[PDB]
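# Structural overview
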Amino acid sequence: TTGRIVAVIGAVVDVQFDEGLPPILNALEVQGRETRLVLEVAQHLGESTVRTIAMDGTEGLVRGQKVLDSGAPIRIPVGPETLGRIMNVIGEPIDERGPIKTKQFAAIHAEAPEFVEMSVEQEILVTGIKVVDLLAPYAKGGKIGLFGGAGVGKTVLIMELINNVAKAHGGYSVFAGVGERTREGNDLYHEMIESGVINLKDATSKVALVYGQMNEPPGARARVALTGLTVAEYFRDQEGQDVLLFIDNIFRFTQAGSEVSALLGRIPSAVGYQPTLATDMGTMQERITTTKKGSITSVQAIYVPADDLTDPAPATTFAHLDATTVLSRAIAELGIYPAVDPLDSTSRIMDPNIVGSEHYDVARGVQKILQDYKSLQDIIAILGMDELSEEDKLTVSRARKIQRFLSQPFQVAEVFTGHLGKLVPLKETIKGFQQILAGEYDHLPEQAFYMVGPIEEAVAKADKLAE
Amino acid sequence: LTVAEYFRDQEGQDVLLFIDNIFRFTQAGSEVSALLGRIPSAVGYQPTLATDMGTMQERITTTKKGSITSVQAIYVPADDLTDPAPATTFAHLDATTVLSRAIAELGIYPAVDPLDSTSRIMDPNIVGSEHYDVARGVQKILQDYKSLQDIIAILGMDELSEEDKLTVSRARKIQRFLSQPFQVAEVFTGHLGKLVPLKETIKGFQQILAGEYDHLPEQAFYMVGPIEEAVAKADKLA
Amino acid sequence: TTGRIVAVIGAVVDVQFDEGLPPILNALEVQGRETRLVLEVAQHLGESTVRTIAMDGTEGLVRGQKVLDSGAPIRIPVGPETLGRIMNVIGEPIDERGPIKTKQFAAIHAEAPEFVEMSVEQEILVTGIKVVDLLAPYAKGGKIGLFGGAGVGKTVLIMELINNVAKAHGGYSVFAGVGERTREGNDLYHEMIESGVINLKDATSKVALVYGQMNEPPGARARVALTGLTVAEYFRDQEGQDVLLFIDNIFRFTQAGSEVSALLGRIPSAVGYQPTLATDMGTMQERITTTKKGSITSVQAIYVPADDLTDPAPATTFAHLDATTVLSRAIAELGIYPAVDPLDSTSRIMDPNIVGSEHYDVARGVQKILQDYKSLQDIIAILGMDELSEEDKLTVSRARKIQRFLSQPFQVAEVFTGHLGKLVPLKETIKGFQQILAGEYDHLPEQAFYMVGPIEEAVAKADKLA
Amino acid sequence: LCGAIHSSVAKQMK
Amino acid sequence: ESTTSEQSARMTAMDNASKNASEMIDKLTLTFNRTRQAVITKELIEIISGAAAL
Amino acid sequence: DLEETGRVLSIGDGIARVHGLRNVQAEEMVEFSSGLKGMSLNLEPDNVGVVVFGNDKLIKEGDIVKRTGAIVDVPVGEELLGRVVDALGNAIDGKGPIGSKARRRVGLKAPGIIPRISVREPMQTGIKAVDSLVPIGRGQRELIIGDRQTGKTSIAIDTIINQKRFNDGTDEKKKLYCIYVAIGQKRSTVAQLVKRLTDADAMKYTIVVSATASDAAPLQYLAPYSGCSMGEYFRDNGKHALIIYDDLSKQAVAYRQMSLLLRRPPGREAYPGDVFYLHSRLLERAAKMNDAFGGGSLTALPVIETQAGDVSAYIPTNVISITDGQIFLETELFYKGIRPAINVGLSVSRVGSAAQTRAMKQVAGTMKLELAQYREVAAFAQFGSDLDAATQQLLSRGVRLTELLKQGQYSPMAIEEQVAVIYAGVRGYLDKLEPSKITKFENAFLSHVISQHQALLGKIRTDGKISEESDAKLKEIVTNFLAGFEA
Amino acid sequence: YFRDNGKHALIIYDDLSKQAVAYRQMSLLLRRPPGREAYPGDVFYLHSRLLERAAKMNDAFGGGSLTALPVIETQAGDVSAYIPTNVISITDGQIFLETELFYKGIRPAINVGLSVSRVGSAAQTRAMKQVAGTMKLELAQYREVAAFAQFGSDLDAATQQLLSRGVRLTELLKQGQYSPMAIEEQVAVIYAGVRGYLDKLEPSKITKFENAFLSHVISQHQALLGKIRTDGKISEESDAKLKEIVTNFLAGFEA
Ligand SMILES: Nc1ncnc2c1ncn2[C@@H]1O[C@H](COP(=O)(O)OP(=O)(O)OP(=O)(O)O)[C@@H](O)[C@H]1O
Ligand SMILES: Nc1ncnc2c1ncn2[C@@H]1O[C@H](COP(=O)(O)OP(=O)(O)O)[C@@H](O)[C@H]1O
Ligand SMILES: [Mg+2]
Ligand SMILES: [Mg+2]
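Presented here is a report on the structure given in the accompanying data block. Each chain has its residues counted from 1 in the order its sequence is written, and this count may differ from the entry's own numbering; any residue lacking coordinates is left out. The order in which chains are written sets their letters, starting at A; the order in which ligands are written sets their numbers, starting at 1. What you see is a piece of a larger assembly; the numbers all apply to this piece alone. To get the side-chain values, all heavy atoms of the structure are used, and hydrogens and water are removed first. Residues with missing side-chain atoms are left out of burial classes, side-chain pairs and their counts.

Bringing the packing of helix 4 (residues 218-239) of chain C against helix 5 (residues 251-263) of chain C into the picture now. Residues and elements named next belong to chain C. Lines fitted to C-alpha atoms define the axes, with helix axes restricted to the stretch in contact, and inter-axis angles between N-to-C directions lie between 0 and 180 degrees. Each helix is a run of DSSP H or I of at least 4 residues and each strand a run of E of at least 2, with the numbering of both proceeding from the N terminus. Interaxial distance between helix 4 and helix 5 falls to 8 Å at its minimum, and their mutual angle equals 135°. One finds that helix 4 runs oblique with respect to helix 5. Read as a crossing pair, helix 4 and helix 5 show a hand that is left-handed. Facing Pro218, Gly219, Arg221, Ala222 and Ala225 of helix 4, the residues of helix 5 in contact are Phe253, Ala256, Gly257, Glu259, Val260 and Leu263. The classification used treats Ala, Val, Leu, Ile, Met, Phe, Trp, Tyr, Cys and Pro as nonpolar, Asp, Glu, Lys and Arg as charged, and all other residues, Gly among them, as polar. In terms of residue class, the contact of helix 4 with helix 5 is made up of seven nonpolar, two polar and two charged. Geometric relationships in this document are graded by angle, where less than 35 degrees denotes roughly parallel, more than 145 denotes roughly antiparallel, 65 to 115 denotes roughly perpendicular, and other angles denote oblique. When the near helix sits turned anticlockwise from the far one by under a right angle, the crossing is termed left-handed; a clockwise turn instead gives a right-handed crossing. Note on definitions: a residue-residue contact is assigned when non-hydrogen atoms from the two residues lie within 4.5 Å.

Structure (structure tokens):
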């Protein structure tokens, strides 16, 4: 079947087919372009005309240009031949390393796993991050989400998690860069090559890349997420291997949709977001899950518009996670990095019958003292201080030390912390905080914990801070 | 505007253009814009708010053939300076005088906010170092008072360091010394119209900043002309 | 005429007619349904088509279905035989006690009284309740804002007002529940039968009920207020009585409006309220007035959204209120029943050129003495209730005596607390507190002035207390 | 915070 | 005399301090409600306009 | 055949403008050429706005749409107990098909005003914080409202668990069946959910209707109605049923989608003007039928997710005004250690003692009063530089009672056990014990009486209140236990 | 052009907020539906596509670069606006200026706390990295401690020292207009502060000290500045030399 473009406005193009109207979700190959421009059928307006979203620029298109129906949705190459290869939204090799020689391709659009395919196994994934492992530990094969505003450390944290987990990972991994800074992409690409995670010579690459940065049209950003997902889905099912799915930033999926929304003739919903926000997010997120075939530990960086966590985008994302690490700008401003908010992060495995009673007690105890201090803050805000009882002045001091003991110098942010990267094992994490709660280290200055590793480094630093 | 343009160019006469109120120009636009069949922009204003204001304002300017000193009154709807009307006007002025309703309610007239009004002439190599230093010094103390205003509003002025009390006192004297009785407002000020020369204005604030008057009642600086009247009034108050 | 449905979108049904296109506000009876589905015309699209708002579920409607034009707006059964019956928006009996055998029918849509019909004199409706008549006198033919949640004896105060008004004014009452919770609807009905304001055996039913259950569409809930108002209008415009109209609540009346407005495709104004917020409210409130025949005083329960009084809904309602009765739980906890806060409850007619000089000054004195005592409340448990001067110690006792003398046993509580209800006339109410302020009873125990009627009873009680 | 007590006597004690 | 004067000034201080606090609260509640209504109206207008342009 | 059939004019965003079907009824189910079902929500002069019940990928222009005839109805019966079904009752737990014997329509009018009776029979949740201060009755709509991760869903689950007690006994009148409806939630959570209920063996009397995010808006829209009908069956047949709507917020969001796409006039937050009507007619179905009408009851515990605690939001306001109570959960209390984080001070129940066990009423009232006084002076606690013994004592009783309101998750205790622990604090046998140890005491004490004192706990039930004898017995137990605790 | 030709260019977009407004007009007049704040749904792309063009090309691609510095005007300091947020999520950092600081003498009115560089020391000479390094994190903690100690909160040696360093460094960050300092000169003045040789100096005197010290080295110790400009790092000798210069000079300054 062959259609012709009849209207072009933005990334939304309408094509009229003489015969054989292509079903929705199908791709269309715009004929007459030096660049492969794919159009995804989104609506069937009628009068043998269909509305499509462009996966690239519509600039240059002319009304009447012939378009061919591929006869199937956007298919991309999946398999081990993608590892170490940077893939385009529509599966094209944008790494310059020739074509991706895969035996079979896969459609990016698929159905979500049935209810009788989910798992109920929860295992703690020691990422090596104090705040995380202590308060909100991740689950090996559980959906994870890093929330935060523009400038809190989401990207740096996801990179850190990659450094730790992705490297010492038995299996393949996939990284999809949805609407972000290409700069970051180039950096990550070269950094992984250095860490041998991506070998440009011998086949030892484990991380497969997919990108569609902020320089791409709404259509590309709205699908790159699915593209990367499909890649991970293959390794999950037809391979039965542990797949790591890192997405940054997933919010761009929703943003891309709101842009074309108006051009698709939809009535604005709350905060001007598309009325199909939830469903669109659901059809996608639900595919990003662990099945009885394979496990996928997904780590997604979720942007928070104007830091308003009540914004329909991040607000709807919360219900699609098992572990939430909310980043606060306030804590970031204080200087505590990662800027994880200890009173807004939670984990599904934080049950005393999963992470253990001792761990649960320590985590809760830390959260409590912090909350208590938070309540004492506004109390003395502009009312002196010398009135609080020994207990209050004790909780304040301890809470502050714990607060500053949450900051851990990240290897990734070494050029931002001006310190060496440290990793603290869960055991030492529980140990240290448990001891601080016990008030054992109440004879050390607050700064002795500010940006350190194990409690040993805090004590040693304390004595070192003789002057 | 056209009338002014003529004198400016065709006669090179230094034209003084006074418009009151220019904001009405934009307001009228919104009224007809709806009827023009355009899609409303933010706050329902005409989507062409920026351009319209531009083509007009850009005609009210000094050319190499003639000079025009324009003084345009800009009404701020609902006292919202962030409103698309006044906000878009700001970048068209070389000197801005933002009148604060709060200051007016404090009897300080002209109710000019000393920390919001700006001018591109405020440069040491233009108005002089002495003028700039005094100007910034005055703006600084006033700015340091605003921060203290919070604590003052709750724990009074008792929980303040003697230093802060000094800044507060001086700031209030300066704050009042900024008020000047207008002849066109004598029926309200109840004071004869006083005009103060730049030289006396600079001197007056220099002395107060130097603390040379840290002993005179603040009211002695209310509705006065040159600093001399402040001292004189102080004596009359005894 | 018989039209045909040409479109059904939610609760908005468009019907087309060939001959005789029905006017606006006119009712339409859909044919081919078990439950009578009434459509109210509210627009003339054109090309012999009219847009209507369904009064109930439109589920099952098919394009082409016949619709009989009633030729007149929604009419409801009016007359004395509606007392003790729970009526539907369109008048259908929902209490399952058969059809309302009425001979007179009235439409819920009617123009408000003409200017020449407006009474130019402001009278006070003696409810016979000290706290009210004294401090917040109900304006005869005025709107009163009943502020109170639940568990504050709100229902009891309602049942008392009815009993008293009918017993002391021969005027029946009507209760229009806008957005009534079916649960509370059943409770209220049975609770009313117990109080005797409604009877099943003998016809002593002094109230008529109209329920706009939350189950019904916006159009139904928005009209139930009118329906109840029409049932009350009858008594005034026909029997010339002083009817009492209860609207619980008024906020849900406005909400139903914004909703209907929204469905009709009208652009929402500030905070999303319908543009016709002013008119919708006005037209309904304007019917509640005093004419040269009778009067209709309306006690409307008020819900202040987000506790914002500047919000359009409450802002508009206040523009039609004449008095307020703030049922405070704190007061109820102190055992003062009715729990009417003597400092919030206010009335506009509480002006000397209306309620009289004596009444005004006495009421003022009561409010003032209570305020003064309140100021001392702090000093009491701080410096010590003894440091207070004689006058202060006198204000304390007197204020406490008055505070207690504000409680009054309701007849509704007779079939519960086993205490005879009192109907204290305005005269004795004034004289009573007037004497307390004078200190004529500064020698009797405070308990004597608790749950009593006329001051005389308090005196006798004091003797019993010895 | 105890009003003008400390400052008052302070600006007299020294 | 110290203890007395101290409790006197403190009592009067806090007395007026809480009073000022209360006023500040009511003022913020009013400004809050204003922002609250404005917010709803703004979003709603943006929705209506966006719809009335299809 | 523009009569019983039609042709799709346009299809997109789940909306299919079918041309024809001049004999379809409003809200009637239709079938597309792909076999997909749909519901004609919009009946317009030249088209029928049909909402697709699935991926409209299998829908194109010219697709012949035919009328099915039957309206949306779901199977109902005890054969659904222990089964996980979708919004349309179809079994999704894979354990074969359900015995679809009886079938009830999802859209039915709520029971009449007269056919009901005053709520009396208590609906013991198991959480002492609720049963004592916020009692719930059979035939009441109690709203569980709070922000994300406050504990909303947990309050529901424990309530369902506690029912196992009565459901294992011979007390047929106390037996309460439960139905959990999931809307918008992910299958992962729903999986852990049913797994949890199975571990608690509560599933044997729990029906789980699920409508995940991958499900079309209309399915998520029907899920709560179908689940309701499944419960109404019990109610009408005299049996007692409980249903939780998790969440109505997510359902409203999915419904708004249909309206906005159908180009229906958007109101506040873009929600349609009948979004209230949506929840009202649903929640009003819950009721307590009179003996003449079986005598059953359907208690509903809907969940609403608030944003930044803005209860004045459109949907939250709608449901709060339709319910007979609200259980406020504040995350602040959670981190403070208050678990469940049920803000008793704001939580209410318009029913109250009316549906509370007499035994509980006795100790519930005193606790409530004491807690109130505590809150009135709570602020003065942290600034207790110099306070009078009276205020101090109020703070003492306060904190202790607050500790007693704490309860572990997945462990709903019996009413006798609740009144027992309440007795300890209310009577003051904890005013001296440090608050930190109170939590430990409750555990040791309760476990002790449940062991060597089952008779006492039982007597409380038998007497229906704390009898003078049991009052004296408990006195000797608490005093002797106290010394043993601090020695 | 310069970028793809090995040359390095710099571009300032003043003002991007005004461009957006213009675009809004264009789009609205095209009858395209008005979005949030009437701005079109692709306002983000309007700026992303632009800023993303600025990049650093590898040697194979000429090794040229295009550094972009977009300007954005915030209304009433409300960064919760549509455009402000957009741009902040595209750039590799921001520099927020506040009128409050400006009047308070902090000129440039750069708010250290609301400004970051998503590149860091990877754009600083070793010399600057040796002095600057972690001074940012230091100032952050300093401001927090100062805010928490806005009264006599029995400050110990550690906290007091922190406050002292903070105030000193703050003064050294003040700089006028049209007076760009050389990297080595900046390193010298920042050195005196970070190393803490001015900890025993009155903050008001620092204002003049900087200029005096600057002229002192530029005149006589020009060789030191010259070396640093070449080595791009403070050598051991340079560190020792600077130490003797600042200590003695400062000592003589406090005559
Ligand atoms: N009784 C309890 N005691 C202690 N912790 C509890 C209790 N109930 C719930 N929690 C904690 O609260 C967490 C959140 O519970 P839950 O998922 O029910 O909250 P929610 O607000 O319903 O979340 P969502 O909004 O995602 O449904 C649990 O993971 C658990 O850690
Ligand atoms: N763990 C960290 N330690 C120190 N600085 C950090 C850390 N994470 C982020 N930062 C600082 O914050 C900046 C922004 O972080 P980034 O995560 O890139 O922003 P975003 O969260 O918006 O993607 C970084 O350039 C760095 O200066
Ligand atoms: Mg990032
Ligand atoms: Mg939940």
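That shown, we press on.
This part is about the interface of chain A and chain F. Between chain A and chain F, the residue contacts involve 62 residues of the former and 52 residues of the latter. Once two parts are brought into contact, the accessible area they lose, counted with a 1.4 Å probe and summed over both, makes up the buried area. Summed over both sides, the interface of chain A with chain F buries roughly 4800 Å², with 55% coming from carbon and sulfur. It is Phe115, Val120 and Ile267 of chain A that lose the most area in chain A upon contact with chain F, and together they represent 15% of the buried surface on that side. Counted as salt bridges are all cases of a side-chain nitrogen of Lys or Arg within 4 Å of a carboxyl oxygen of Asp or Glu. Run the count over chain A and chain F and you get three salt bridges. Its salt-bridge partner being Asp322 of chain A, residue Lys186 of chain F comes within 3.0 Å of it at the nearest N-O pair. Any pair of N or O atoms that falls within 3.5 Å is considered a polar contact. Within protein, one atom must be able to donate a hydrogen and the other to accept it, and sequence-neighbouring residues count only if both atoms are side-chain atoms. The tally of links from chain A across to chain F stands at 22 residue pairs in polar contact. At eight residues, helix 9 (residues 357-380) of chain A tops the list of elements feeding residues into the side of chain A that touches chain F. A class-by-class count of the residues in the side of chain A that touches chain F yields 27 nonpolar, 21 polar and 14 charged.

Below, the discussion takes up the site of ligand 2. Only a single heavy atom is needed: when it lies within 4 Å of a molecule or strand, its residue is near that molecule or strand. The environment of ligand 2 is formed by 15 residues, the closest being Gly151, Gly153, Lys154 and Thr155 of chain A together with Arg118 of chain G. At ligand 2, the nearby residues belong to more than one chain, namely chains A and G. Between ligand 2 and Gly153 of chain A there is a distance of 3.2 Å, counted from an oxygen atom to a backbone nitrogen or oxygen. A distance of 3.3 Å is found between an oxygen atom of ligand 2 and a backbone nitrogen or oxygen belonging to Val156 of chain A. Burial of ligand 2 by the protein amounts to 92% of the accessible area it has alone, namely 560 Å². Among the elements that make up the shell around ligand 2, the one with the highest residue count is helix 2 (residues 154-166) of chain A (three residues). Broken down by class, the residue content of the shell around ligand 2 amounts to seven nonpolar, six polar and two charged. Just so you know, the domain bounds were taken from an automatic or database domain assignment. Both domains that furnish three or more residues to the shell around ligand 2 are identified here as domain 2 (74-349) and domain 3 (350-467) of chain A. Surface accessibility follows the Shrake-Rupley procedure with a 1.4 Å probe radius. Residue values consider only the protein chains on display as shielding.

Attention shifts here to the side chain of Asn163 of chain C. All names here are of chain C. Tracing the sequence through the fold places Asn163 in helix 2 (residues 154-169). A polar atom in the side chain of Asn163 sits 3.3 Å from the side chain of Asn164. Filtering out sequence-adjacent residues up to four positions away, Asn163 remains in contact with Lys206 and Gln411.

Residues and elements named next belong to chain F. One open sheet accounts for four strands, arranged 15-10-16-17; its pairing is mixed. Among the strands making up the open sheet, the edge pair consists of strand 15 (303-305) and strand 17 (348-349). Set on the sheet, helix 2 (residues 152-162) makes contact with strand 10 (143-146), strand 15 and strand 16 (325-329); between it and strand 10 the angle comes to about 150°. Strand pairing follows a simple DSSP-based rule, namely that at least 2 bridges must link the two strands.

Think of it this way: side chains of opposite charge can pair up when their charged atoms draw near. All told, the structure shown has 106 salt bridges over all chains when counted by the stated rule. Put simply, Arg236 of chain C and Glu233 of chain C hold a salt bridge, and the shortest N to O gap is 3.9 Å. Residue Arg236 of chain C and its partner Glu233 of chain C are located together in helix 4, separated by three residues, close to a single helical turn. To sort residues, take the accessible area from a 1.4 Å probe on protein chains only and compare it with the maximum for the residue type: under 20% means buried, over 50% means exposed, and anything in between is partly exposed. Exposure remark for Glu233 of chain C: the relative accessible area of 8% places this residue in the buried category. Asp247 of chain F serves as the salt-bridge partner of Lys152 of chain F, at 3.6 Å between the closest nitrogen and oxygen. Of this pair, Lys152 of chain F sits in helix 2 while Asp247 of chain F is found in the loop between strand 13 (240-246) and helix 6 (248-261), placing the two residues 95 residues apart along the sequence. Residues participating in the shared-partner salt-bridge network are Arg181, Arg183 and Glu184 of chain C together with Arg141, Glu284 and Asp324 of chain F.

On to the side chain of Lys186 of chain F, then. You can see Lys186 of chain F is positioned in the loop between strand 11 (177-184) and helix 4 (187-199). At 3.0 Å, the side chain of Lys186 of chain F and the side chain of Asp322 of chain A are in polar contact. Leaving out residues up to four positions away in the same chain, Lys186 of chain F has contacts with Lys143, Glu286, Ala319, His320, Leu321, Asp322 and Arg348 of chain A together with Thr212 of chain F.

Turning to helix 14 (residues 455-465) of chain C, a few remarks are in order. Every α-helical turn comprises 3.6 residues, leaving residues that sit three or four positions apart pointing alike. All names here are of chain C. Of the residues making up helix 14, those classed as buried are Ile455, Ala458, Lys461 and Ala462. Projection of helix 14 onto a plane perpendicular to its axis shows the buried side chains occupying an angular sector of 110°, all on one side. More than 90 degrees from the buried face of helix 14, the exposed residues found are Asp463 and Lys464. In this fold, the buried residues of helix 14 make contact with helix 11 (390-405) and helix 13 (426-438). Just downstream of helix 14, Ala466 is the residue with a positive phi angle, here 60°. Taking the helix axis as origin, the arc is that swept by the directions to the C-beta atoms.

What follows deals with the interface of chain B and chain G. Chain B puts 24 residues into the contact, and the matching count from chain G is 19 residues. Here chain B and chain G share an interface that buries about 1700 Å² over both sides, 60% of which is from carbon and sulfur atoms. Of all the elements in the fold, those that place two or more residues in the side of chain B that touches chain G are helix 3 (49-57) and helix 7 (129-155) of chain B. By residue class, the composition of the side of chain B that touches chain G is eight nonpolar, 10 polar and six charged.

This next bit is on the packing of aromatic side chains. Stacked, edge-to-face and tilted are the three classes for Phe, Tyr and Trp ring pairs, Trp counted by its six-membered ring, which pair at centre distances within 6.5 Å; planes under 30 degrees apart are stacked, over 60 edge-to-face, the rest tilted. Here the structure, examined in full by the defined rule, presents 39 aromatic pairs over all chains. Both rings, one in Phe177 of chain B and one in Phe221 of chain B, keep their centres 6.3 Å apart while their planes meet at 75°; by these two values the pair is edge-to-face. Within this pair, whereas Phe177 of chain B is found in helix 8 (residues 162-177), its partner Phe221 of chain B is found in the loop between helix 10 (198-209) and helix 11 (227-237), the two being separated by 44 residues in sequence. Using a relative accessible area of 5% as the deciding quantity, one classes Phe177 of chain B as buried. For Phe221 of chain B, a relative accessible area of 0% translates into the label buried. Here a set of aromatic residues connected by ring pairs shows up, and it is made of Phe177, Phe205, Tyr213 and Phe221 of chain B. Note on criteria: charge over ring means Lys NZ or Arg CZ within 6 Å of the ring centre, with the direction from the centre no more than 35 degrees off the ring normal. It is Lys130 of chain A that lies over the ring of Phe405 of chain A; its NZ or CZ is 4.4 Å from the centre. Over the ring of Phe148 of chain G we find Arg400 of chain A; its NZ or CZ atom is 3.9 Å from the centre of that ring.

Shape descriptors only; they carry no functional weight alone.
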